[PDB]
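Hydrogens, waters and symmetry mates play no part in the numbers below; they use all other heavy atoms, side chains included. Residue numbering restarts at 1 for every chain, and letters A, B, ... go by the order of the sequence lines. Order of appearance sets the numbers: ligands from 1, and atoms from 1 within every ligand.
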Amino acid sequence: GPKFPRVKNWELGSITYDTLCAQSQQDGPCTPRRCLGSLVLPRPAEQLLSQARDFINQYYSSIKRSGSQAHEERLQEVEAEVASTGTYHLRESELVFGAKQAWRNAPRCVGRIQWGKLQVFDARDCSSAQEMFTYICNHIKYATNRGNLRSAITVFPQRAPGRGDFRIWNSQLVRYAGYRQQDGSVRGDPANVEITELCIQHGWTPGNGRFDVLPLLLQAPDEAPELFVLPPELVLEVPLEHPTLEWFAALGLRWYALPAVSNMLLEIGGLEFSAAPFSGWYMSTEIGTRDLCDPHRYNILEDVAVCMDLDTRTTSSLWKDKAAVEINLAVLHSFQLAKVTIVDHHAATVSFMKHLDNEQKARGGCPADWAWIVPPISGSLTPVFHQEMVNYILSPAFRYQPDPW
Amino acid sequence: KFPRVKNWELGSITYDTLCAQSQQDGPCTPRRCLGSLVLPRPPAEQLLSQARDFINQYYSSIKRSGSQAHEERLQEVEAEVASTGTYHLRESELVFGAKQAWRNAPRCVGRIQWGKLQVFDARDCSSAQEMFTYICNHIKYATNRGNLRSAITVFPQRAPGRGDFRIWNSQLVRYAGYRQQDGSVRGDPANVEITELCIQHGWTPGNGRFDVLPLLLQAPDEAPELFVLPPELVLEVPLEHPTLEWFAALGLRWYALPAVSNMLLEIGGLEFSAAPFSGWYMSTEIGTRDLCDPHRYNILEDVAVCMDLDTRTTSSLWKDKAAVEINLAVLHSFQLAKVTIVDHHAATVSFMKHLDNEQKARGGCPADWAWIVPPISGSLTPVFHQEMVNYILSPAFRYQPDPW
Ligand code: HEM
Ligand code: HEM
Ligand SMILES: Cc1cc(N)nc(CCc2cncc(CCc3cc(C)nc(N)c3)c2)c1
Ligand SMILES: Cc1cc(N)nc(CCc2cncc(CCc3cc(C)nc(N)c3)c2)c1
Ligand SMILES: C[C@H](O)[C@H](O)[C@H]1CNc2nc(N)[nH]c(=O)c2N1
Ligand SMILES: C[C@H](O)[C@H](O)[C@H]1CNc2nc(N)[nH]c(=O)c2N1
Ligand SMILES: [Zn+2]
């Protein structure tokens, strides 16, 4: 009967309708002719104002003051600001709300049961690259909390008309260098070849390891980016070992504790925050499956399977599956032993199912990208595999933005 | 306009131009994507144009596009629709249509085999009885003593004046599921409803976890009839593990032949409501979904306990360990019984080759990422990293409502 997407869980036979998708003001890549849902990158005053009015309504709804004189006065204040300057500015509590709502709105994130618990650092007074460094360092210390990780975001000044952006050039606050070798191969993380190359061009003295922590390249408006080395005591790392396979420790593998995205745009009511790094804690499959096993990343699957003495000559020995499970167990075990927050793909997906149910009650649906929510190993072993999902763009949002170079 | 399609492992890019040939809307809109939904929510002129398009596709395929044989076949079809409201396919067109429907099937990872398909014309079938004989010959043929051969059997098309020929079973071979006094199911929990129907239409039911179901076959406007498949026609494979001796003692088994029998085959406007097809299993179907899904045989915990794993916490990854052993047991057992099977690494590698063949041949390949990517070890296969466009081309297989 309902004129909204029916959504089914094929494990439990249960049914919901997504009414929240009606709140979407922005088109994705799909059409009735063809589905483009698996694509990683989907291809003035009037416009800003309507987006602003909409965000302010969302704000006043959330504090249950919708229709009030405080609501109408804020609306009038927002338009009067746009009337004289072309832009406007958020109140502190509006920014806190917008930031949380952007995380809550992110279809690709499985960790959203935590959305209401986000420390928002307001860094809109920041006026130099040096100050950005200070702010970022404070973020890392706060977020890392000696292993007891805490979600946080730091928000730098918003994009301004005819004035350069605040930009963090790194895609993450903590990433390993990738050194292009004389024989075409790569030492370190092949994902990070360009940023490593760019850091060196900008005066970094590079190391020669597989796990060299990259420095930050930070850009303040209309200035060239400046280079900043993170003090090693600030960057918590976990040496990797396996609970039963004694040789795994001898591989000298390690990963950083803090996953912190530094290259996304945070959009709130039309306003664009080009520098706004955020951090959580890892799901173990991100490190153990993607980072360590992708053929275009550290690519350690064969090495590990050779040590495990598997038949790597034939696919049907399932050497890849076996090695990947051990690497994942080793990631989980090492983080546990070191007392660094981590969550396995089972607990995370179970917690995402709970989140789905909370959002069904609270908002009548939850935008979710199936291909990204299902983990890269043991897919159908998790409850999210059997759960249908509707994907749409709500604002506030994190958006991908082109590399600044 | 034309979507850019990228492989994120290799950095390679293609453009899908095939998608402009779609005549049938899918479930997505610019406002929201519904591509993860399993099942989302004719007058002369309209059949005539699907008919012409299909005949055009066929003469193009044999490089006689524009010949007199092509002209006269278009005239035949028009003449037949214009007087009867419908028409009939020549066997050769049927053969071409069946293969093309498989080619066009976005959820199928086995499409590298698309050109190699045995097609049995069963359109001269007039009774549940005759249906049974055809199904039995299909099975004998497809099974081929473990050396599996892809096959389809096509029963008489839908006609406006009457009910459909239908196979009630969703697959030709499936295991009974008996709902038990204490709320649990013996056998396959996915087959409870179809098992109950078989009993209501007079089957004496077994009581094991692996009792092969009888077929319920329906000729137009007649009650469905029951037929037991002769035990010797149903090749089954007992499951053992290469290294774990106690696995054999789980008493696990599975049948060789995956044969879909509830799907509708659409060719050139015509609809074939009963058109069962089969190939061979990819091991993750049995090892992961059939045995490990919690609403199926759900054996994960039993296996994990046999392996003496810590079941008390998710972080020991006991589910992932056991699943892999279960999948390995399936591959080993099929190889030992000399029954055709393919693992998900081999299958996805061959699907990648298929995408490249179709790019050159047709300028695209419709594909449903969520179905192509295996249910375990997704990103360890190359399809994970491949962007895919999904859309409906005809000829096509379609879902249809259960006949009851
Ligand atoms: C608390 C623990 C958290 C967990 C376990 C988690 C988990 C994940 C995972 C597994 C992904 C996909 C990663 C990939 O495959 O590359 C992801 C993506 C994402 N996460 Fe979360 N996250 C957490 C916290 C956060 C926070 C605090 C934010 C923002 C405030 C956030 C926002 C996002 C966004 C925007 C994406 C998509 C990014 C992109 O498309 O590149 N997450 N998250
Ligand atoms: C030759 C060996 C074949 C292999 C290894 C194979 C593999 C697969 C797999 C793994 C699936 C998804 C199954 C699931 O998750 O339920 C599938 C679906 C499908 N296959 Fe293939 N297949 C083969 C042959 C065929 C043939 C001969 C046809 C038709 C002539 C066909 C048509 C289809 C269709 C229409 C689907 C979608 C089924 C649905 O929506 O329920 N396949 N195949
Ligand atoms: C806060 C947070 C927590 C967590 N557990 N994981 C993440 C993911 C970080 C991450 C790491 N590596 C890669 C990506 C994807 C980057 C990315 C790349 C492209 C091309 N498009 C996008 N939309 C996104 C994200 C973030
Ligand atoms: C020809 C062929 C070869 C092969 N290896 N596997 C198959 C899979 C058969 C198969 C088994 N169990 C379940 C399904 C899906 C059934 C199914 C169920 C529903 C509700 N909607 C759908 N679209 C499909 C298909 C077919
Ligand atoms: C082509 C495909 O969309 C792409 O590889 C996606 C699939 N799902 C993913 N899911 C997550 N969480 N992270 C990813 O990087 C990807 N990659
Ligand atoms: C909800 C989700 O789309 C559904 O569980 C799909 C996911 N991918 C699948 N892929 C295959 N091959 N077979 C399936 O049954 C499913 N199930
Ligand atoms: Zn879509």
If you round to the nearest 0.5 Å, how far is CD of B/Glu9 from OG of B/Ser379? 10.0 Å
What protein N, O or S atoms come within a distance below 2.8 Å of atom 21 (Fe) of ligand 1, ordered by chain and number? A/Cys109 SG
B/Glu236: which residues meet the salt bridge (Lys or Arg N to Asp or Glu O under 4.0 Å) condition with it, sequence neighbours left out? B/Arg253
Side chain or backbone of A/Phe278 under 4.0 Å from ligand 1, or both, or neither, by non-hydrogen atoms? side chain
Parallel, tilted or perpendicular, as decided by the 30° and 60° cut-offs, for the rings of A/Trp255 and A/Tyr176: perpendicular
Salt-bridge present (A/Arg399, A/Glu267; N to O < 4.0 Å): yes
Between B/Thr381 and B/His344, a side-chain donor and acceptor under 3.5 Å: no
For a distance cut-off of 3.5 Å, show me each N or O of ligand 4 paired with any protein N or O, plus the separation.
from: ligand 4; atom 1: 5 (N); to: B/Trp280; atom 2: O; distance (Å): 2.7
from: ligand 4; atom 1: 5 (N); to: B/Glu285; atom 2: OE2; distance (Å): 2.7
from: ligand 4; atom 1: 6 (N); to: B/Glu285; atom 2: OE1; distance (Å): 2.8
from: ligand 4; atom 1: 6 (N); to: B/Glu285; atom 2: OE2; distance (Å): 3.2
from: ligand 4; atom 1: 12 (N); to: B/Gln171; atom 2: NE2; distance (Å): 3.0
from: ligand 4; atom 1: 23 (N); to: B/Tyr399; atom 2: OH; distance (Å): 2.5

Could you tell me whether A/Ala102 approaches ligand 1 through its side chain, its backbone, both or neither, with non-hydrogen atoms closer than 4.0 Å? neither
One should read off an interatomic distance between B/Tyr255 OH and B/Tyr281 OH, to the nearest 0.5 angstrom, of 3.5 Å
of all protein heavy atoms, closest to atom 41 (O) of ligand 1 is A/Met264 SD, 4.1 Å
Under a heavy-atom criterion of less than 4.0 Å, does A/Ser279 contact ligand 1? yes
Which of the ligand 1 atoms, numbered from 1, are nearer than 4.0 Å to a heavy atom of A/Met283: 10 (C)
Does a side chain donor of either B/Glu387 or B/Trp369 reach within less than 3.5 Å of an acceptor in the other side chain? no
Test of understanding: with ring pair (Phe, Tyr, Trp, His ring centres under 6.0 Å), list the residues that count as partners of A/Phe273, not counting sequence neighbours. none
Look at atom 16 (O) of ligand 1 and say which protein heavy atom is nearest, naming residue and atom and giving the distance to 0.1 Å. A/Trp372 CZ3, 4.0 Å
Please verify the inter-ring angle class for B/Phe120 with B/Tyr141; under 30° counts as parallel, over 60° as perpendicular, anything in between as tilted. perpendicular
Ligand 1 contact on A/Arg290 by region, counting heavy-atom pairs under 4.0 Å: neither
